[PDB]
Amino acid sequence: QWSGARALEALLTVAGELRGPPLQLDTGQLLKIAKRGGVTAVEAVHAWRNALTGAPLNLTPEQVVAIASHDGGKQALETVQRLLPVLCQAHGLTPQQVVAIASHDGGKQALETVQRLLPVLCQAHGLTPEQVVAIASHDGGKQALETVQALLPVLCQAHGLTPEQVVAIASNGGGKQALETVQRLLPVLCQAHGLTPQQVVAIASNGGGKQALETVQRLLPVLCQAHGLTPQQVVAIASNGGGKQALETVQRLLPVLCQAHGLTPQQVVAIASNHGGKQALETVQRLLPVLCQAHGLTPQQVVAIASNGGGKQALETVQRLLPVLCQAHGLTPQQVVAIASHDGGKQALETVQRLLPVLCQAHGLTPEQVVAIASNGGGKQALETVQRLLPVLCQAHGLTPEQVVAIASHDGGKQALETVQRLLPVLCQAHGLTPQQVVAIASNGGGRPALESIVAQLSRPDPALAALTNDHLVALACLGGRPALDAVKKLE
């Protein structure tokens, strides 16, 4: 018989009991743990189910899922129960921060390393605990933490990086490898190729990483000679998450996209400049003619969909849904293009297809309003949040459907929506702001932290801002959100 059979059975028995108290985990959550944390993680969740739930620690089920659904998830759970009190009272971290650190492969190692290295990183290297938490909140945080401690001097002194840039580089998966590769390749990338330290930090600062830097060093001549690409363009391909793969794929598919399809280098660079650029490029070469086929979709419109995060997923979804969205929903091809032209366009397209009829028929929005909401990054989240909260915002808080659509039609719309309905009563009733004012602040990107920063100022007044009225604080907050408040705050 199959050997996995016995272990799957135990997996399923143990799973059954977790649907009960005190955790009550649905299916998606149970799968999640089994998939990444494994069988033992599902068992450890059960074994510890009582200890984590209520006092002392008081962790929501979501948080227990978050910690368990990773490799070594069992070890993380044991370690969280043991160290969270330690890190909160002896180091001053919030429980949210402990959970963040815990919620990655090797979570146990990261927690035990923060416990061990945080004093020396703040005392001797002058890092903040916020910085130490960030570095620790990725896979191999233990490694990045030890590497930071070992290389923060030499990287600042012999190479001229600020501690912020060392922290910025370190705060990614594979953090240890990026740091080591910057130590080695920073003089080569700066002195030989005329790159700024900041451009190099950007190339290093994210998931890839050590591969991006090494691939930039390798392919930067070949690219700026034959294809006549600017160094700036090469940095942009490498620094945007496309990394190694995006560069290698630009090298291949630049002539092919240009010649056969009449794209400029510029359009190719912009397609490559995001997570999975390689995926976007190869998808373009493969799908552009199918999209523009006897019709039809124009080239430039295929490039726009491509010049975005998950462009590949966007492109494929467009190929599959353009027909049903136009035909059975009365959308124009221009509207489908605009929905897809954001990070997570795939998510937004599917969410429009599934919710457009419901938001119209049951909530009284136009298709235009639905499309407007969808046409921002995170568009899916925003449409799901309009569906849940439109009745509560309108009925309990006084808001018009127009205002709600306005709040939701920005990146982070979801966050703004939840924040408005959560903070509107105290802002208006307790401090005399008008709903219109609250709606105004929230009707921008960064709406949530803009709202939060006003509440913070009106309930624990920083003297630095006292010379500003509510109307002024509101005007400032509409202008530049939390950053402008903070910028102003650093003047009192």
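Just count from 1 along the sequence shown to find any residue number.
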Please compare 367-375 with 165-173 and say which has the higher mean C-alpha temperature factor in the record. 367-375
Comparing 325-333 with 114-122, the higher average Cα temperature factor in the PDB entry belongs to 325-333
Could you check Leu223, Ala270, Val235, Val352 and tell me which one carries the biggest Cα B-factor in the deposited entry? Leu223
Note to self: of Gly413, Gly296, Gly310, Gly141, the C-alpha temperature factor tops out at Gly296
For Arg218, the third of its chain by CA B-factor is the middle
Against its chain's modelled residues, does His70's Cα B factor rank lowest, middle or highest third? lowest
B-factor third for the C-alpha atom of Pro85 within its chain: middle
Split the chain's modelled residues into thirds by Cα B-factor; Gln191 lands in the highest
Is the Cα B-factor recorded for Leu423 in the lowest, middle or highest third of its chain? lowest
